[PDB]
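> part one of the complex, untouched from its place in the assembly:
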Amino acid sequence: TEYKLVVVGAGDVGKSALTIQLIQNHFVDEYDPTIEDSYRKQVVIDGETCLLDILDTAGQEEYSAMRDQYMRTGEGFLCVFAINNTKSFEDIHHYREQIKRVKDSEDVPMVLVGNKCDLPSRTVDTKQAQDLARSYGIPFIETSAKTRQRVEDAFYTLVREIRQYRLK
């Protein structure tokens, strides 16, 4: 039932920062007196209960056995790069292709995110990213976790993509 979001992308692009910001304003204390302590947190986005996972192959998942399992379990993917990191943008295709392979489908809920849009030191232009998103058939959003710009929007977009996919 819950929407399973997975944030993917190169290391140091702001996956953790984005997810923490989102959770900060979206967690609810859910009351259930038939469980220990009675109050578990859950994340609710655009009126949907969401589960959230970060696939971090640069850090926490470098020596991991779980990469393909994150991709099989995940329902929608936020593919993140940083606007000051050309390599992180170049890495998007590899992640996208992986997910496509694992899920064995051309149609996966995905949103492309260019993070750190507050930085003056841009090397990835909006148009480059737009072209990429358009090739994939997916939305593109620029975000900044530092300044809190379009963070909720990116997650909201992905939720909506998953909602549309589920209606098929």
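Yep, it's here. Residues are numbered from 1 along each chain as shown, chains lettered A, B, ... in the order given.

> and the closest residue to residue A:58 other than its chain neighbours, what is it in contact with?
Excluding its sequence neighbours, the residue lying closest to residue A:58 (C-beta to C-beta, 6 or more residues apart in numbering) is residue A:11, at 2.6 Å. The way it works is simple: take the backbone N, C-alpha and C, and place the C-beta from them, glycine included. Contacts were defined as C-beta atoms under 8 Å, 6 or more residues apart in numbering; by that measure residue A:11 touches A:56-59.

> which pair in those residues spans the largest distance?
Greatest spatial distance among the contacts of residue A:11 (C-beta to C-beta): A:57 and A:59, at 7.9 Å.

> Compare the two (neighbour count), which wins?
Legend: neighbour count by other C-beta atoms under 10 Å for residue A:57 and residue A:59, higher for residue A:57 (19 against 12).

> List the contacts of the residue nearest to the more buried one when sequence neighbours are not counted.
Once flanking residues are discounted, residue A:57 sits nearest to residue A:67: 6.5 Å by C-beta to C-beta, 6+ apart. Residue A:67 makes contact with A:55, A:57, A:61, A:98, according to C-beta under 8 Å, 6+ apart.

> looking at it, the second one is touching residue A:64, isn't it?
Yes. Here residue A:57 lies in contact with residue A:64, judged by C-beta atoms under 8 Å, at a distance of 7.3 Å.

> Chain A: helices as residue ranges?
A:15-24, A:67-73, A:86-90, A:92-103, A:126-136, A:151-167 (DSSP state H).

> beta partners for the most centrally placed residue in chain A?
Centre of chain A computed as the mean C-alpha position; nearest residue by C-alpha atoms, centre = their mean is residue A:78, 2.4 Å away. Taking DSSP bridges, one obtains residue A:7, residue A:111 as the residues bridged to residue A:78.

> Surely it touches residue A:155?
Yes. Applying C-beta under 8 Å as the test, residue A:78 and residue A:155 come out as touching, 7.1 Å apart.

> include chain B as well:
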Amino acid sequence: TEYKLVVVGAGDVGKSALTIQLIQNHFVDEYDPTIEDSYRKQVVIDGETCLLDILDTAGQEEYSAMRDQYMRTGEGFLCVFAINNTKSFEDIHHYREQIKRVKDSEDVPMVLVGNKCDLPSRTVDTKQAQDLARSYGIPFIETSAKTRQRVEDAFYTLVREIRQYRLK
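Chain B added:
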């Protein structure tokens, strides 16, 4: 083929500290000229290629959709508590029971670890832990990631447990 180790336990018991220490002295640069860049890191413990994963339900996996998948993929479990944290010891049974349930088996390679054995502020006695390990049928090891005591031993023990299990 590779040994899939999963470190489980309450938050702040030293799972990350233990795993980082282990990796520090066990990673090898593996040369393979048919791949990009030619040199991927791998972890080798007791002459076995290992993959390493931390299940952290207090942090990185609190809102996660992946708990049961970590347990299904994992082959051996390092169950960690801290000797100054009574609650973290009380939580071991819950983790153990979860893994048993997910894997549908009484026989899972497991090692019980009491971490932070360098601390003077003990509330879990060695005998308590020994009794627990003995009930489970598994080794118990006290460790300190801070002072670097028995860290390799704990992982070596779990590797050996997995080796024995695989020989069945």
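
> back to the contacts of residue A:67, now that we've got chain B?
When the contact criterion is C-beta atoms under 8 Å, 6 or more residues apart in numbering or on different chains, the partners of residue A:67 are A:55, A:57, A:61, A:98.

> out of those, who has the most neighbours?
For the contacts of residue A:67, the largest number of neighbours (other C-beta atoms under 10 Å in any protein chain shown) sits with residue A:55, at 23 neighbours.

> Report the separation between that residue and residue A:154.
In this structure, residue A:55 lies at 16 Å from residue A:154, with C-beta to C-beta, to the nearest Å as the measure.

> The residue nearest to the centre of chain A: what's it in contact with?
Taking C-beta under 8 Å, 6+ apart as the definition of contact, the neighbours of residue A:78 are A:5-8, A:18, A:110-111, A:113, A:154-155, A:158.

> want to throw those into TSV with neighbour count?
Output for the contacts of residue A:78, formatted as TSV (neighbours: other C-beta atoms under 10 Å in any protein chain shown):
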residue	neighbour count
A:5	28
A:6	23
A:7	27
A:8	26
A:18	23
A:110	26
A:111	26
A:113	31
A:154	25
A:155	30
A:158	29
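
> quick one: which two of these are the most distant?
Considering C-beta to C-beta, no two members of the contacts of residue A:78 lie farther apart than A:18 and A:110, which are separated by 15.2 Å.

> For chain A, which residues are neighbours of chain B?
Proximity of chain A to chain B is confined to A:2, A:4, A:23, A:27, A:41-43, A:50-54, A:60-66, A:69-70, A:73-74 under the rule C-beta under 8 Å from any C-beta of the partner chain.

> Go again with 7 Å.
Taking C-beta under 7 Å from any C-beta of the partner chain as the criterion, chain A approaches chain B at residues A:4, A:23, A:43, A:51-53, A:60, A:63-66, A:69-70, A:73.

> For those, pick the one with the most neighbours.
Highest neighbour count within these: residue A:70, with 27 neighbours (other C-beta under 10 Å).

> how about that one, what does it touch?
A:6, A:53, A:55, B:66 (C-beta atoms under 7 Å, 6 or more residues apart in numbering or on different chains).

> Now with 6 Å, please.
Shown here is residue A:70, whose contacts under the criterion C-beta atoms under 6 Å, 6 or more residues apart in numbering or on different chains are A:6, A:55.

> Thanks a lot, see you next time.
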